[PDB]
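Okay, so here's just one chain, in structure tokens, the form deposited in one PDB entry.
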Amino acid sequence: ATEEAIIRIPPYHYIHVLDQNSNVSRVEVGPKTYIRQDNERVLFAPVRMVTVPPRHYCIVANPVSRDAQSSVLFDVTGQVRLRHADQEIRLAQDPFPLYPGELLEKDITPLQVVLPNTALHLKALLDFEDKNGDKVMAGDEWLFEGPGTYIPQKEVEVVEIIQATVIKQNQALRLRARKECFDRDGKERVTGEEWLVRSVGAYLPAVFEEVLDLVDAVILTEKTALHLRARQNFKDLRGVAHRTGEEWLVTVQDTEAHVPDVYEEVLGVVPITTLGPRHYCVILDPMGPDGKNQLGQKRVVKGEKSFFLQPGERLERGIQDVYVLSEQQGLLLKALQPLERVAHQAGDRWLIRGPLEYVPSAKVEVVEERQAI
């Protein structure tokens, strides 16, 4: 007795039988006691079927060609016809035998589980119809948010895993638009446009949203103000419009904490100019009603007032002391320009007697303080 005539095939096992005088190679399924014929030859002893457990998948190379009835199509000779070259993904299924030709390209591998607060970047490689009925085009990109289980498809690739970035109380997330997309607030964004997300908590970016850097809010104390300059034309969060190159200050009256926006540029922190009842100061190049510095002009501020120094402004002699006069104290004043107390012309000089809490204007100057008159 040359070869094995009777082969017992156990449950969930299979053998390949070749018909020698026709080259028809077929699969015989268990559990059955198979009797080999004189024209037949058994290729190998019964091997275990490819069992795919739940939560798992496998890839089969050169899969069997099947009709609408899922039944395996045969050749003109009776040979099982195979879809050569390409591959097929098979999920949790009843244990299946391998047909003559098809081979296990990838063994039993657990399905990719997506965690909460994470999403999968998915790009369509070729045209296909999805589960809903939508026609998906090659080049389309979308997300798959967890928790859940992703099922692999030959038409779709996994680009990357997106982790959601947590934003604290005094923080904001800077985003970049990769393509023409819509903001989470419902605002259309062009390619390369940047904006800030002021939402507190976990933030998962959209498909075309690129995460850049977390920006901390500058805490504004009563004595401090934020110096800012517009990088380009934009309208701020408060409502006031800003143009390229313009400079402005942000105080506590505006907000408790300010986050520097995309079109905002931080220049520094400006300390408050505090004055008492007996204090005054002169400001060079004061900002006009048009919002522009009056070059070569002077402004006098007095009488206990608290204010911030505007962009492009300077103090002439810091915090000056108000000229307090007694009944014997006097001041010799000189006019720098025509004045109007009787009117004074060019370089007129006059004496001012006390007692007076005197403060000189920009047009007058103090030459000498006289004592005991």
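The term rigid core refers to the maximal set of C-alpha atoms that superpose within 1.5 Å between the two forms. In this text, residue numbers run from 1 along the sequence as written.
Same protein, other form: the form deposited in another entry, not shown, and the subject of what follows.
Participant: Once the rigid core is superposed, exactly one of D213, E265, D216, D75 has its CA displaced by 2 Å or more between this form and the one not shown; which residue is that?
Facilitator: Flagged residue: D75.
Participant: Given a core-based superposition, decide whether the C-alpha of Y280 shifts by 2 Å or more between this form and the one not shown.
Facilitator: Where the cores coincide, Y280 shows only a C-alpha shift between this form and the one not shown that is less than 2 Å.
Participant: Using a rigid core superposition, assess whether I89 undergoes a CA shift of 2 Å or more between this form and the one not shown.
Facilitator: Yes, shifts by 2 Å or more.
Participant: Is the shift of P360 between this form and the one not shown large enough to count as movement, that is, does its C-alpha move by 2 Å or more after the core is superposed?
Facilitator: Comparing the forms between this form and the one not shown, which are aligned on their rigid core, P360 does not shift its C-alpha by 2 Å or more.
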